[PDB]
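Report on the structure
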Amino acid sequence: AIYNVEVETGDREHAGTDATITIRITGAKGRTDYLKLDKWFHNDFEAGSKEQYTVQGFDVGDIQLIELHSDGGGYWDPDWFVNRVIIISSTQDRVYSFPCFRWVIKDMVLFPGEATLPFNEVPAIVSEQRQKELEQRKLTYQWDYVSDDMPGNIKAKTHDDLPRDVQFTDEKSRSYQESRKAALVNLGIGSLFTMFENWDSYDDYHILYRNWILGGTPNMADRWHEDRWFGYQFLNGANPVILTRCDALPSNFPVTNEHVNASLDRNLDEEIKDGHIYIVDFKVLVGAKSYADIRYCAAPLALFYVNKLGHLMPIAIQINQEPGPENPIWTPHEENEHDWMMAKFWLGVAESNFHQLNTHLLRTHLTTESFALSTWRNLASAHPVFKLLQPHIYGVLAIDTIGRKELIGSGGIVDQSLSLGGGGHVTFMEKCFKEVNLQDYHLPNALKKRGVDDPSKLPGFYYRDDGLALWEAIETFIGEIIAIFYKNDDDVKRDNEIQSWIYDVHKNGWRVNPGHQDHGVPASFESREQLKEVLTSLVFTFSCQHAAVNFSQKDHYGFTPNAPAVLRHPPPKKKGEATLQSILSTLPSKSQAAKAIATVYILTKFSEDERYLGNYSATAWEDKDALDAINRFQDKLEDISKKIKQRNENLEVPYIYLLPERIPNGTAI
Ligand SMILES: [Ca+2]
Ligand SMILES: [Ca+2]
Ligand SMILES: [Ca+2]
Ligand SMILES: [Fe+2]
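Residues numbered from 1 in each chain as written, not as in the entry; some residues may be left out. Chains lettered and ligands numbered in written order. Heavy atoms only, no water. Residues with missing side-chain atoms left out of burial classes, pairs and counts.

The PDB entry lists the protein chain under the name Allene oxide synthase-lipoxygenase protein, from Plexaura homomalla. The title attached to this entry in the PDB is "Insights from the X-ray crystal structure of coral 8R-lipoxygenase: calcium activation via A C2-like domain and a structural basis of product chirality". UniProt lists a comment for the protein chain under the heading Subunit, and it reads "Dimer." Turning to the protein chain, the UniProt annotation filed under Sequence similarities states: "In the C-terminal section; belongs to the lipoxygenase family." (UniProt positions renumbered as here; feature names shortened; annotations may be inferred.)

So, on to the packing of helix 8 (residues 337–378) against helix 15 (residues 496–509). Here helix 8 crosses helix 15 at 140°, and the two axes come no closer than 9 Å. With respect to helix 15, the element helix 8 is oriented oblique. In this structure, helix 8 crosses over helix 15, and the sense of that crossing is right-handed. Here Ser370, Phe371, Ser374, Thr375, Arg377 and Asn378 of helix 8 lie close against helix 15, whose contacting residues are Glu497, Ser500, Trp501, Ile502, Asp504, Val505 and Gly509. Considered class by class, the residues forming the contact of helix 8 with helix 15 number four nonpolar, six polar and three charged. (Axes fitted to C-alpha atoms, helices over the stretch in contact; angles between N-to-C directions. Helix = DSSP H or I, 4+ residues; strand = E, 2+ residues; numbered from the N terminus. Parallel < 35°, antiparallel > 145°, perpendicular 65-115°, else oblique. Left-handed = near helix turned anticlockwise from the far one by under 90°. Contact = heavy atoms within 4.5 Å. Nonpolar A, V, L, I, M, F, W, Y, C, P; charged D, E, K, R; others polar.)

Attention shifts here to the coordination of the calcium ion (ligand 3). Distances from the calcium ion (ligand 3) to its protein donors, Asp38 (OD), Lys39 (O), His42 (O) and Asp44 (OD), fall at 2.2 to 2.6 Å. Taken in sequence order, the residues that donate to the calcium ion (ligand 3) follow the motif D-K-x2-H-x1-D. Taking the relative accessible area as the measure of exposure, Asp38 reaches 34% and is therefore partly exposed. When its relative accessible area of 36% is taken as the criterion, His42 is described as partly exposed. (Donors = N, O, S within 2.8 Å, 3.2 Å for Na, K, Ca; no water. Buried < 20%, exposed > 50% of the residue type's maximum accessible area, 1.4 Å probe, protein only.)

Turning next to the coordination of the calcium ion (ligand 2). Reference geometry at the metal: tetrahedral coordination by four donors gives ideal angles of 109.5 degrees; octahedral coordination by six donors gives 90 or 180 degrees. Taken together, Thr17 (O), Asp18 (OD), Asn43 (OD1), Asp44 (O) and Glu46 (OE) make up the full set of protein donors to the calcium ion (ligand 2), lying 2.3 to 2.5 Å away. Positions of the donor residues of the calcium ion (ligand 2), expressed as sequence spacing, correspond to T-D-x24-N-D-x1-E. Taking relative accessible area as the criterion, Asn43 reaches 42% and is therefore assigned partly exposed. Since its relative accessible area comes to 9%, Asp44 is described here as buried.

Next up on the list: the sheet that holds strand 14 (residues 301–306). Strand order in the open sheet made by the five strands is 12-13-14-15-16, with antiparallel pairing throughout. The sheet is open, and its two edges are formed by strand 12 (244–245) and strand 16 (329–330), each paired on a single side. As judged from the two bridges shared by strand 12 and strand 13 (residues 277–281), these two strands associate in the antiparallel manner. Opposite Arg245, over in strand 13, you have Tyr278 as the bridge partner. In this fold helix 5 (residues 227–236) packs onto strand 13, strand 14 and strand 15 (312–318), with an angle of close to 90° to the strand it touches most, strand 15. Running at roughly 90° to strand 15, helix 8 makes contact with strand 14, strand 15 and strand 16 of the sheet. (Pairing = 2+ DSSP bridges.)

Below, the discussion takes up the pairing of strand 15. Among the seven residues in strand 15, seven count as buried, and that is most of the element. Across six bridges, the pairing between strand 14 and strand 15 is antiparallel. Note that in strand 15 the partner of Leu301 across the bridge is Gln318. Connecting strand 14 to the next strand, strand 15, in antiparallel fashion are five residues, including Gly310 with a positive phi near 25°. The pairing of strand 15 with strand 16 spans two bridges and is antiparallel. Of the residues in strand 16, the one forming a bridge with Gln318 is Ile329.

Structure, rendered in structure tokens:
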């Protein structure tokens, strides 16, 4: 009898309703009857309201769960986004919290505070009510596949076709669209599009980014031409992947001491084997270019060497896999300057497509999408991990939906930007995926398994430093939570839910279809340290990974000559033919280069309603310990944030892509 119901409404556009809301409290001695919550001569549940409704009914025992019920809205978006509900029984000395943060269509059952594992002590009704929702989730979130060689994704024709809980905030859409090719016009590039001519000089390209006032001028926009900075980027550029330490030269990359020598402080075979030689091998390329707009791309491999002064230097570039008089080994000593510059460019077009399609779209978006769908399908609003993932899985589902049309679809801004845009990009994506493995998403392992792990040999690798820093915090945090709710490795095995989660991804997420090699995803969890491992990788990829590989694009591609996406001619068959003209009639044309900035501009736009790593402002989480763990976590993030800046306050080109307050909680683009 007599309950105080504090009903805070989210501030999301539309978060409010004008539907007749009634609540039904249920508990020990029983349940009441839907009580109308509504202040007179007052507009209840608006914009981002927070109201205290006093109502009176049967005396439900200890309140075991509540039920909010709406009704089509009012005459003059009856979808209500409830943030939280906090009721108080005038007969119970507790303060029932009911974190929600979801849209309330017709109904919405909410369990009290503390997050629980499906097996924890739950009154009969609170389960069956939980198992209840799960049957519903596996109904409004079902798999669909585009092909046998792509991770499964959420079924939904259009963005607005998928569940409102996963849809883009009006702001995300507004930001998306405004930023869309609408923002192409504000860049002052519009004309270049209808311009299929060449450029007069490297420096000419510079225009494409003048009216892109934000973020500032691209880093490499004034050092791109320099070998030293050309190498720098393989460590701190947008593709911090690929580069692996070279223990021995690949049999088809006949680099000899008689090739490099010149660029060696301190021998070659001695250098290799002394940890001062790293290599990049784009063998995965072999796709279809073009889209007479004829495009090109290679599958080269380059050799780098760490200077007497820690600079990773480009010493050898074989444009294509099969060595030969036709695919020569280009050195930074090519007596014909242009020929070496042309080599680097080719290495560039390759990286560009490799990076955009593979290490960004597939490896951060598309693949981890599966996990996020598994999250809604298998974990319940109550499960600790659902509450842990929620703030990180947002935006993938939405942006990927949009993306399959707008991004990688035909005539999509990407499609008509890379040299694999004809559709070769779709097939190439499949190749890359047939080889993705969950063990790749583990930064520490990955880094280490590449021989890129050591500071003394490979100095100046901030992606690594900054990455590991964040990973160790993310890992730490995730850990403690698992601890809180998972008392031991048995609770893990016991958790039927987390078992279904990781399994949905195993058998339907990254399907190990024919060609594919095992995708390294478990089929169940055996320990806590393992659950921790997967979870950490997953969130680190949703946040840190994505940011360091995507948001670094304005700088990277900023001045297209620094990272060409398309090449209009075949690669040098002989040597010494490269002309400023030639290598300028090969680089992306005026409109092509315009299509780049355009794509990149849209790809790298933060919305106003963004939340970063720390932020959990709109998460369930009631348990005191968790909250602490969180703040503990946020405290480490701060440190990293400071320490990182000190680092930058001290180097020629500051690595700011992994700064906590720039790393979105998830992947929304
Ligand atoms: Ca509404
Ligand atoms: Ca209202
Ligand atoms: Ca009213
Ligand atoms: Fe993205």
